[PDB]
Structures are given as C-alpha cells and as structure tokens.
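A.B. asks: Can you look at this? It's an experimental structure, sequence on top.
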Amino acid sequence: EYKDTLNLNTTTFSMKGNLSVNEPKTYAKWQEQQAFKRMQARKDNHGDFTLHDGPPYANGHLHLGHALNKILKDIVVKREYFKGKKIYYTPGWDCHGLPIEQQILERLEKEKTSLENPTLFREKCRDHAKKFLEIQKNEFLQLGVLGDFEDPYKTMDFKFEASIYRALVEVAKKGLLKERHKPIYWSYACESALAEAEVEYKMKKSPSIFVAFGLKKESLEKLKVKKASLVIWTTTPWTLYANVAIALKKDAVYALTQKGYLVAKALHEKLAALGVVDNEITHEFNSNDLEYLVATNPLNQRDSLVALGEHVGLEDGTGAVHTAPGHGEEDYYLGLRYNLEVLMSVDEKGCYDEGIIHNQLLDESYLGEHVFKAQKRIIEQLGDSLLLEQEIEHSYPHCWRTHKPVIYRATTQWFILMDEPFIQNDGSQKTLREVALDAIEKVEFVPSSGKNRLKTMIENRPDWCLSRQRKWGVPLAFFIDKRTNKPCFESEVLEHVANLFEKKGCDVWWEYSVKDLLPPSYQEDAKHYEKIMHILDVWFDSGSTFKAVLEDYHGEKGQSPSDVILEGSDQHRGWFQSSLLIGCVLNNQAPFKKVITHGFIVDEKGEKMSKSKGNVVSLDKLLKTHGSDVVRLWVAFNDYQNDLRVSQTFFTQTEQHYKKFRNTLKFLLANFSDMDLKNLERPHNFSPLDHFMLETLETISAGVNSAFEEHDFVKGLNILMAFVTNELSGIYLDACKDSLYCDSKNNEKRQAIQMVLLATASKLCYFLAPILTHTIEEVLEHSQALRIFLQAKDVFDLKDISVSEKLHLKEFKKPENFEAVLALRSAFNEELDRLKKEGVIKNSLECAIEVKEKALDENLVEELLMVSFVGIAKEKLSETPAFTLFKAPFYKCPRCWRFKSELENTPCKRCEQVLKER
Ligand SMILES: C/C(=C\C(=O)OCCCCCCCCC(=O)O)C[C@@H]1OC[C@H](C[C@@H]2O[C@H]2[C@@H](C)[C@H](C)O)[C@@H](O)[C@H]1O
Ligand SMILES: [Zn+2]
C-alpha cells in the first residue's frame, strides 16, 4: 500500500544490453569522432607504450583467430592508455606473396584464362589486397578495437616496398646474403623454391621399397665373394635415376647373407624378419673395407660408388643409403665430398626432362612425366632387384598455399646465412645464429615457455632461402655484373634503386631497362649488368615491419624495439622468427621487448576448425549471436594462452558473467541517481560497514590491477566477480536496501551509502573499461553523477581514482576487522536455513537474536544478519552455542516490511517520520 512512498531509485541504464543494435552505434561514433587520435593527443599523457601489430594477409574476411588476436591487443593497449601513457598502435596488412597471388591464380584458372603481362598481373594482385584490406579494417572495427585504422601500414605502399628493400640492402652490405646451389624445398604446383615457414607437414601414403644393388665383377673379386648386393631402403623411387652412391655407416660391420645380400649387421635380424633378406649370415665386413667399391644401379645399369656417409642411422632402413645429390641436401654434400656427378633432371614443374636421355639415366618413355606419377612404373622396372615393397605413411612437406607435396631440386638460390661471422654494430664478430640466441635471452615471453620454443628453432634452423620465382612481391633487385658474375652491392647503385622504389614502387623493376634503373654514372656500363628477377620470401616482408613502421617513421608510429607484440603461438615458426633474424642483422637485437602468445580457436571437441570438417563458426555469426562485448568478455575470462573452444555452454557462462556485471552496474547507478551532487564536495561519516566495503574495495582493486598487469585477465575478472557477488551483492547491498529505499533522501547514513556505491561504480568502470568498453561508455552516458565524480565526458577520460582522496578519508584510520561478525553471519544463515526448511520461519527479518559474544557491535549484527532485533524475546525458535533465536516481538511494518511496528498494519517509527516529511 506504501510502495509509491519509497524512493524510486531507477536509472535509464537498461538491464538488457541490446548489443546487436547499440554496439555498432558506439563504434561508428568512435570512428566519426576519431577516438584513437583523441587518445594519442591527450594532454596529460605520461610515458609511452608501443604495441607493434603483426600484419594479417589482405586476403579474405576475418576469422575468429583474427578477432581473438585483435581483442587481446585491444585490452593490452587500452590498459596502458588508462594507466596514463601515450599509445602507439598502427595496424598493418601483409599484401604480397602467394597468400594473395594463389587466389588470383585459382580464379584465372577457374575462369579458364591467363595473365602473362607482369604489370597487369601485379595490378590484379594489388587490387585484390586493396579490396580485402578495406573489408578486414571495417570488420576489425566492429570488434570495438581502437588503433590507427585510418592510417594503417601496407607492405604494398611504395614507401614500404622501399623499406623492405633497404632492409635487404643492410643484410647484403653486412655479408650475410649469398648464393647457394643445393637441393631445397621445391613446390612444383607454383614452380617456386620455398623455405620452412611456407611448408606444412602432413601425413601422406608412400611406397617403401628395398632394392638390391649388385656389386660389379671387379668389386666382388676384390671382396673375395661370389655374390654380393647392397640393399638400400627408400621411399622415393623417383630419385633412383639420380643415384651416384650408396652410403654406409663409418666403421660398422655389414653382414653378407647366403643368398648374397649385404646389409648392416645391426639391422639384419629385423630385415630377415621382414623377409627382405635371408637369415643365414656367411661373412662380416667392415665398412671401411667396402668404401670405394662399386655397385650397379638396377634401374639404369649405372655405376654407384660405395661411400661412407656422415651419421648413417641404423634405426630404420638397411644401413646402406641410396644417395642422390640432386634431390637431397645431405646427399649433395656427400657427392661433392667424393667429387661425384650431381644428377638433376627434374624440371620446375616436377617432371623428368631431356637430361634423362642425355645421360641415359631413365628410359625415354618417362620424358615429361611427373615424378610422383612415374613411381609405379619405376617400381615394376626393378624386377628381381626389388626385394620387398610396402606402403607406409609418413609426415611429408606440402606447399602452404597449393597444398601439394613438395620435392627437392638442386637449384641456385639466395640465402641469409646463419653461421657466417659478420661485423656487429659494436665492432665485434659474431654469427647470426649466435646473435639471435643472445637476443632471445633479453626478451620477455608470456608464457615463459615461449622462449625455448623460439630458442630451439633458432638453434636448429638452416640458412634462410630468400628468393622466390613468383611475380607479386618485392624483388631481390640487384644487378649481376656479367664481367665478374657477382652481384653489385655498390652503395650508389643500391640507393638509386631504393629511391625509385620509394617514389614509383617495384613495378619499375619489371618495366624499366637496366640503363634506366642505373645511376647516371653507370649507364655507360649498362651492357655489363643483368637484373635478378627473384622476389623476396613474404616472411622477409613481414619480418621487416619493425624497420618499415617503427624505425622509418622515427617514432611517430612507435619505438623500435616495440614494448609488446602479441600473436598466436604459431608465430614462433613465422613472424617472431623472421622479425628476430632481421632485427638481429640490422640492430643485433630483437625488435621487440616482450612477446605475448595465445592459442587457437577450436571447436567444442578441441579439434581444428576446417571447411572439410564443416565445423567452422564464422565471426559474423558469433558476433550477431552474442554481441561484441560478450565475445570480448569470453576472450578475457578464459585461458587464452591455450586453445579456446567455441561451444554454446561456454558462451552461456560468459553471458551470465556479463549479465551479473551489467545488473550490478544498473543497481549502483539506480541507487545513487537521486543523490544531491553537493555531497561530492563534502566529507561524510561512514559506518563500520561502509568502511569495511571501502577497505575491501581497495584490497580487491590492488588484486585486479596486479592480475591485469601480468595479462592474467582470468585471475583479475575472478577477483572482481567474487567481490561483486559476495561482498558487494551478498553482504553490502542486502544490508543497505532498507536505507536506500525506505530512509529519507536527506538521511546522512543513506548519503554515505550512496558515496560508497559511487566509488564502487567508479572502480568497476575503470577496471572493466579495457574489456567491456562499449558497456562502460554506456554506463557513463546514463549517469551524470558518475561523470561529475570522475570528471569524465566519456569512457576515454577515465583515470584510476584515489577513493581515499575523493571521499576525504583520514589517513591513520585503523581498518575494520569483521572476521568475528562474518562468522556469526555465516552460522546464523546456516541456522536460519534449517528453520526455513522446517517451516518455523520464512526470513531473517522475522527473527530476534541474542548473541552470546557481547563484545560485538549490536547494530552491525542487526545490519549484517538482517534481523529485526538484537536481544532477548519471548518465543524461542532455536539455540546454538553462539546465539539464541526468537520470534521478533513486533508487527511487520506495511511500508518497509521489517518487524519493527508496535501496532498491526501500522508504519514503524522510522517509516512514520519519513511519511510525515515536510
Ligand atoms: C589464433 C590463430 C588462428 C585461429 O585460431 O584461427 C581460427 C579461426 C576459426 C575458424 C577458421 C577459419 C576457416 C577454417 C577453415 O576452413 O580452414 C593464429 C593467429 O591468428 C591471427 C593472426 C594472423 C596474422 O597473419 C599473421 C601474421 C602475424 C603473420 C605475419 O603472418 C596471428 O595472431 C595468428 O598467429
Ligand atoms: Zn517501516
């Protein structure tokens, strides 16, 4: 009957987020009003923070991994902004390379067409990247992320292409860029060399054969046996044509069987059990005595030299290794060590060429045949020399963009050398491997385990092949002097080319003549120079972003080294490594101080998302289903260092966390909305319960901040949520509802409660603003009191506030100790539950309690236990060692529902006064 006489305590801040409607309006506003530039221009910026963006490929729409990545970057950046620092965060895009060029190739072929003109082909590639750079930029902004998205970096900008080339120039001037001729990864489907980061290892079925190479007559006479054939094991019959040698383990015993097969003795038992060779050994020979004997290749009748390899393994195979220098790296060095032929008759498309006829290595019927299609017919040609064929499965290197298996071909390519000493900037002498290992020890990794992942790769990596045979990318734009057959690294030549690139882009490398590309002083000798037309590994491009973005803009986009880079843990094999290596040539240090990694988006069963599996969840679908602030809370509230599973159950839990945060903020705003703002300019007398809350607010704030400092948003959101749920909602807001709703608006106890709620809302806003930025922006939009209190027009004016100073607290005020009264509260609530089960009582306000520890504040007990009366009464309900509960000897007040009225249906003394209010 008196509900209309209570304090309204409502706010326009709504319970329902309606995120699908309101978030795009918030983000459109931040773009229109240039919130990021306003963040950078903030007048009281103190300190600097550079996060250097790793560039996604400008191909396709964003997937959930991009969203994960940019949200985490956004939280880290916003944290530093709200700490008061000046922010540098320029997002960028990877525009070159097969990731763009392959999509153009697949379209041309689907359209049944070709495009041979180099300038036009690069134009199609460039326009494709421009289209999807726009698409990804606006998709990034729909996640609520703030960065220099209107002035991002692009590896396709002419200045950027000049920067990438100038980095290459520094490598070449330091003596680390050299030509090598050796077998390397060859992708026949795109007719290009590859390096490790462009290769994906996948299980693949393969023939597996054991082949007998008979010793030649004179070798049998030297060995003093009638029959002997070395048995090799190989999974690549397509390289048998290129055999020049059979490599044995140094100083090892080889067993000759009765049928005349020669194998490593340590492997004879296994081989006989496989049925490869017979079981009876007749003679044992040391491999040192077999070296320089000669066998015969059964496929083509050619000589094969018996050699000793370095580190021949005896765990698989036969202990005798078919050695093909044109198709294996260790084979190649063995062939050179013995001055043997390098047979390599497989062309760029992976097919046998005329060289099989010229040297008589393989029958003419194989001309033009792809090496992988030829293998079945090769195996049949082996006849009786084939001792056993099996089919096995092994992890095999595949091209990262055509998805086809690679092969190896001896070829001349350009490398960054790992174990080549070079002159350091401080004058000393060190290899790149040594510098990179030193540099890693100075980088902070989050998690720490990332260090040894990257360190192990550096310890084991080979020389870095740089040259690729595609068209879309930055050329290795050096001339070869025909008079010397060596590259021209003259500073005048290199910088002249770099300047042309900066002004017109690398197109001119294909269009201009040699004379036109040479300085005026060299054009009389243009006849002696020839362009290198290979382009750079795209991992060199992105490995150069630190130079093109941080250094070449002299701090305007961040410092080099950056404070933080943040990408998936798959970038130890990619961007972390290439940036580390180039940083170490140019600066002899890593171009980052700290690396934070995250895992991958996976499905509900932790499995990888793929179109073949039909388990891909699109970014659009997820945002539309849940809203970006929920997707952002999902990220921060979960162990993002590992894989994150998408499932209804986990998003339901996050929506429940978001609702609790949002409902709590609504209650706070609603219950200080009527507070006279003059309270903000005067101190108050806070109760012990108020002090307990402010002292608690401080304690958990320190813990949320320490957790967020170490990027452990889970630990920090759990602290924050536990405070919201337990101390705030469960204790304080329950004890306070009566005063808030039923006391006079002039009541100073109520005004002191509102000040605590205002300080609490202020801390919630500060700590959630990096994560739920839209929502905290919406909180300030709906609360004039919060905006005045925090002196904030919008979310970007937020600062960490001193509650002690804003509420005028005395410094040496001793903290509350509520342990004794909270144990009583817990024991009373356990006893009250039992009485409620029995039906004796319905709620705590129906009770009186006499506490047996008389040293406790009686009004605090009434407040925390929500009893209507502290002391003795007449009707005993139950008793414990700690207290005795009674029925409260009053009527329920019709206005406040507390059992404090002396007459039935009559307002209590407090309520009567409030109702008389003049
Ligand atoms: C979290 C990741 C993947 C994921 O989890 O993605 C899974 C997305 C879910 C659905 C899959 C989409 C289609 C599935 C299918 O059909 O196959 C890994 C991270 O990604 C973002 C960033 C990509 C930038 O380019 C990298 C730069 C730095 C370097 C120079 O290249 C980077 O941070 C990366 O490390
Ligand atoms: Zn009352």
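C.D. replies: Received it, and whenever you're ready, just let me know what you need. Numbers count the residues shown, from 1 in each chain. Ligands and ions are numbered 1, 2, ... in the order given.
A.B. asks: Quick one: distance of stretch 681-701 to the chain centre.
C.D. replies: 41 Å (C-alpha atoms, centre = their mean, to the nearest Å).
A.B. asks: Now do the buried residues in that stretch.
C.D. replies: The neighbour-count check on stretch 681-701 (16 or more other C-beta atoms under 10 Å) flags 684, 686-694, 696-698, 700-701 as buried. Bear in mind the C-beta positions are built from the backbone N, C-alpha and C, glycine included.
A.B. asks: Just these: which are in helices?
C.D. replies: 688-694, 696-698, 700-701 (DSSP state H).
A.B. asks: And the furthest pair within the buried residues of stretch 681-701?
C.D. replies: 684 and 700 (21.8 Å; C-beta to C-beta).
A.B. asks: show me what contacts the spatially most central residue of the chain?
C.D. replies: Central residue of the chain (C-alpha atoms, centre = their mean): residue 568, 1.5 Å from the mean position. Contacts for residue 568 (C-beta atoms under 8 Å, 6 or more residues apart in numbering) come out as 65, 69, 597-600.
A.B. asks: neighbours of the residue in the stretch 701-850 of the chain that ligand 1 sits nearest to, just the number please.
C.D. replies: For the stretch 701-850 of the chain and ligand 1, the shortest gap (C-beta to the nearest ligand atom) falls at residue 711, measuring 15.1 Å. Neighbours of residue 711 under the rule other C-beta atoms under 10 Å: 22.
A.B. asks: For it, pull up the helix or strand it's in.
C.D. replies: Assessed by DSSP states H and E, residue 711 sits outside every helix and strand.
A.B. asks: CA atoms only for the strand ranked longest in the chain - export them in PDB, please.
C.D. replies: What stands out as the longest strand in the chain, according to DSSP state E, is strand 199-215. Listed in PDB are the C-alpha atoms of strand 199-215, where the atom choice follows Å, rounded to 0.1, in the frame of the first residue of the first chain:
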ATOM      1  CA  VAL A 199      55.800 -25.800 -45.800                       C
ATOM      2  CA  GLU A 200      53.100 -27.700 -43.900                       C
ATOM      3  CA  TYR A 201      53.900 -31.300 -42.800                       C
ATOM      4  CA  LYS A 202      51.100 -33.700 -43.300                       C
ATOM      5  CA  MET A 203      50.700 -37.500 -43.200                       C
ATOM      6  CA  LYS A 204      50.900 -39.000 -46.700                       C
ATOM      7  CA  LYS A 205      51.000 -42.500 -48.100                       C
ATOM      8  CA  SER A 206      54.100 -43.600 -49.900                       C
ATOM      9  CA  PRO A 207      55.800 -46.600 -51.500                       C
ATOM     10  CA  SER A 208      58.500 -48.100 -49.400                       C
ATOM     11  CA  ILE A 209      61.000 -50.400 -51.200                       C
ATOM     12  CA  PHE A 210      64.100 -52.400 -50.500                       C
ATOM     13  CA  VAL A 211      66.300 -52.600 -53.600                       C
ATOM     14  CA  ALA A 212      69.400 -54.700 -54.300                       C
ATOM     15  CA  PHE A 213      72.400 -53.000 -56.000                       C
ATOM     16  CA  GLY A 214      74.700 -55.800 -57.200                       C
ATOM     17  CA  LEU A 215      78.500 -55.300 -56.800                       C
END
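A.B. asks: Against which helices or strands is the following helix or strand past that strand packed?
C.D. replies: Where DSSP H and E defines the elements, the next helix or strand beyond strand 199-215 is helix 217-223. If contacts are counted by 3 or more C-beta pairs under 8 Å, 6 or more residues apart in numbering; DSSP states H and E, helix 217-223 sits against strand 294-296.
A.B. asks: got the contact list for the strand it packs on?
C.D. replies: Residues outside strand 294-296 that contact it (C-beta under 8 Å, 6+ apart) are 213-216, 218-219, 229-230, 246, 302-306.
A.B. asks: ok, so of the residues you listed, who is nearest ligand 2?
C.D. replies: Distance to ligand 2 across the contacts of strand 294-296 (C-beta to the ion) is lowest for residue 246, with 101.9 Å.
A.B. asks: wait, what's in contact with that closest one?
C.D. replies: By C-beta under 8 Å, 6+ apart, the contact set of residue 246 is 213, 230, 232, 295, 304-307, 320-323.
A.B. asks: mind redoing it with 6 Å?
C.D. replies: By C-beta atoms under 6 Å, 6 or more residues apart in numbering, residue 246 lies in contact with 213, 230, 304, 306, 320.
A.B. asks: who wins for neighbours among these?
C.D. replies: residue 320 leads these on contacts (other C-beta under 10 Å) with 29 neighbours.
A.B. asks: My guess is that residue contacts residue 230. True?
C.D. replies: Yes. Here residue 320 reaches residue 230: they are 4.6 Å apart, a contact under C-beta atoms under 6 Å.
A.B. asks: buried ones in stretch 418-428?
C.D. replies: 418, 420, 422.
A.B. asks: ends of that stretch, how far apart?
C.D. replies: In stretch 418-428, first residue to last residue: 17 Å (C-alpha to C-alpha, to the nearest Å).
A.B. asks: Residue 604 and residue 849, how far apart?
C.D. replies: Distance of residue 604 to residue 849, given as C-beta to C-beta, to the nearest Å: 50 Å.
A.B. asks: same question, residue 607
C.D. replies: For residue 607 relative to residue 849 (C-beta to C-beta), the value is 57 Å.
A.B. asks: between the ones in helices among the buried residues of stretch 681-701, which is nearest residue 488?
C.D. replies: Once C-beta to C-beta is applied, the member of those that ends up nearest residue 488 is residue 701, at 63.1 Å.
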